[PDB]
Number of protein chains: 2
Amino acid sequence: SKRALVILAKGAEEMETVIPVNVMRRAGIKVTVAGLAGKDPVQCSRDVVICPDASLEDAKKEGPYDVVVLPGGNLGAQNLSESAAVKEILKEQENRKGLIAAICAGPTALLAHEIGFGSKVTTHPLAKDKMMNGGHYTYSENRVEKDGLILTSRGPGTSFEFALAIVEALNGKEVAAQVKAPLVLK
Amino acid sequence: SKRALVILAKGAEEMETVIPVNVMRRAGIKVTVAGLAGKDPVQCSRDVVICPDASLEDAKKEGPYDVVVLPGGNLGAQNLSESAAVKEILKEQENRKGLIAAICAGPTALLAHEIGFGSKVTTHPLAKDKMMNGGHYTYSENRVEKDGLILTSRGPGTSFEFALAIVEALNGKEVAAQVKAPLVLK
């Protein structure tokens, strides 16, 4: 089975955490929700408290992963951007030609860690200027953007599209379509 | 501020829990996530573990609520349907002419507790036959259905529509529109 690492920091957008985790699990992907700070519960942006499966340290030992997923939320993304452990994981994933997926403010951690320069990316509209500082990426307004192994998306309301794009990249279009149908998406 | 009670049982659909909680908090609603079983963490349908704000018992004491929200997930809804405490809360809410909102399999707990008979309702397609046993409701295929104080919806992919309908009912159309825009919904 494919494997996904979802890195969960304080201040993460909980919709952008839970929608990808759940949809990837519906696709039969083995997902590890890893707490940036440790195994303790994480207070998300709108105060939902989620208990991670593992600390990031332990989850790293259990790699490699077919995708590393970065939720958004301004403060969650700032915490991801400040983390040396996140830097190391993303560099490794990039070096092994593995998928990296980030949503809303999440892509700004790619900038912080110098990941995927020269890619077309999207972000939340409000995170554009941060992402574009230095002109290291080309901006897109697509709801989901995928430039090779860098997969980005815009906001809570693009989270299902984002998650299904991850499923398609890992498990193919037919599995994505089968996972999509019971969701009652428009 | 308006107040919402979200009742969280083992096996709840975590997307249908988190999307309404987060969107209602964006709308300035004071939301209490109450654990059916107690204050301990809840293992949702796709294994996301959420820590409730309170036990339901304590949250009841802190009522009344402007809305009671029932997430879906087959097993979560079964747990809600089996609960005498849920029965009592829903009967009280109905008696005081307060809104009740339920999504996916969640509406089947209205049937179990004899709430809102004679209403037009929707459910997940797979929960239709359970909901319709006895012909106590009239079925709808609308993505969100609202018949007075009974507000229902279909699935994970209708959760934003459902949550925004709750916000409109409580705080009005303008607040709903202002909350909606930053979400990047299609």
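Just so it is clear, the values below take in all heavy atoms, side chains as well, and ignore hydrogens, waters and symmetry mates. We name chains A, B, ... by the order of the sequence lines, and we start the count at 1 in each one.
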Heavy-atom distance under 4.5 Å between the side chains of [X] and [Y], does that happen here?
X: A/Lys97; Y: A/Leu149; answer: yes
X: B/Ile89; Y: B/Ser83; answer: no
X: B/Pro20; Y: B/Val6; answer: no
X: B/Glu114; Y: B/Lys87; answer: no
X: A/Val86; Y: A/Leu56; answer: yes

Can you spot which of A/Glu145, A/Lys146, A/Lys128, A/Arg154 makes a side-chain hydrogen bond (donor to acceptor under 3.5 Å, both in side chains) with A/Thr122?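 Result: among A/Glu145, A/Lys146, A/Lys128, A/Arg154, A/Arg154 is the only option passing the side-chain hydrogen bond (donor to acceptor under 3.5 Å, both in side chains) with A/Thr122.
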Going only through I, L, V, M, F, W and Y residues with side-chain contacts under 4.5 Å, is there a path from [X] to [Y]?
X: A/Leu5; Y: A/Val18; result: no
X: B/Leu183; Y: A/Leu185; result: yes
X: A/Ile150; Y: A/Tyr137; result: yes
X: B/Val48; Y: B/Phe160; result: yes
X: B/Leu70; Y: B/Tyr65; result: yes

Give me the atom names and distance for the closest heavy-atom approach of [X] to [Y].
X: B/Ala77; Y: B/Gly106; result: CB-N, 4.0 Å
X: A/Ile103; Y: A/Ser159; result: CD1-OG, 3.6 Å
X: B/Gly72; Y: B/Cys104; result: CA-CB, 4.1 Å
X: B/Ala109; Y: B/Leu90; result: O-CD1, 4.5 Å
X: A/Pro107; Y: A/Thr152; result: CG-CG2, 3.9 Å
X: A/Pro52; Y: A/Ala34; result: CB-C, 4.2 Å

About how many Å separate [atom2] of [Y] and [atom1] of [X], when rounded to the nearest 0.5 Å?
X: A/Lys30; Y: A/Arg25; atom1: NZ; atom2: CZ; answer: 10.5 Å
X: A/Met15; Y: A/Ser45; atom1: CE; atom2: OG; answer: 7.0 Å
X: A/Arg46; Y: B/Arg26; atom1: CZ; atom2: CZ; answer: 3.5 Å
X: B/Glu168; Y: B/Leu164; atom1: CD; atom2: CG; answer: 8.5 Å
X: B/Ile29; Y: B/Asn171; atom1: CD1; atom2: CG; answer: 4.5 Å
X: B/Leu151; Y: B/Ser119; atom1: CG; atom2: OG; answer: 10.5 Å

Between B/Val31 and A/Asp47, is the side-chain contact (heavy atoms from CB on, under 4.5 Å) condition met? List the steps. CA-CA 10 Å; B/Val31 180; A/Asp47 282 346; over 6 Å; no
Apply side-chain contact (heavy atoms from CB on, under 4.5 Å) to the pair A/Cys44 and A/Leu8, showing each step before the final yes or no. CA-CA 9 Å; A/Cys44 296; A/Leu8 177 53; 4.1 Å; yes
Whether [X] side chain and [Y] backbone form a donor-acceptor pair below 3.5 Å:
X: B/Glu57; Y: B/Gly38; answer: no
X: A/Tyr139; Y: A/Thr123; answer: yes
X: A/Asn79; Y: A/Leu75; answer: yes
X: A/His124; Y: B/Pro182; answer: yes
X: A/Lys2; Y: A/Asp66; answer: no
X: A/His113; Y: A/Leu80; answer: yes
X: A/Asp53; Y: A/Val33; answer: yes

Within 6.0 angstrom of [X] [atom1], more than 12 heavy atoms from elsewhere:
X: A/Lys173; atom1: NZ; result: no
X: A/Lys39; atom1: NZ; result: no
X: A/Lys130; atom1: NZ; result: no

With sequence neighbours left out, what residues match A/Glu62 under salt bridge (charged side-chain N to carboxylate O under 4.0 Å, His left out)?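 None.
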Taking atom types as modelled, is there a side-chain donor on A/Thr158 or A/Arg143 under 3.5 Å from an acceptor on the other?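 Their side chains do not contain a donor-acceptor pair, so the 3.5 Å distance test is not met.
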Step by step, would you call B/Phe162 with B/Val69 a side-chain contact (heavy atoms from CB on, under 4.5 Å)? CA-CA 10 Å; B/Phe162 172 70; B/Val69 181; 4.1 Å; yes
Residues A/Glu161 and B/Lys186 bridged, charged N to O under 4.0 Å: no
Salt-bridge criterion met for B/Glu82 and B/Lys10 (N-O under 4.0 Å): no
Can A/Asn22 and B/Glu13 be said to form a side-chain contact (heavy atoms from CB on, under 4.5 Å), step by step? CA-CA 9 Å; A/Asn22 173 315; B/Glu13 225 298 339; 2.8 Å; yes
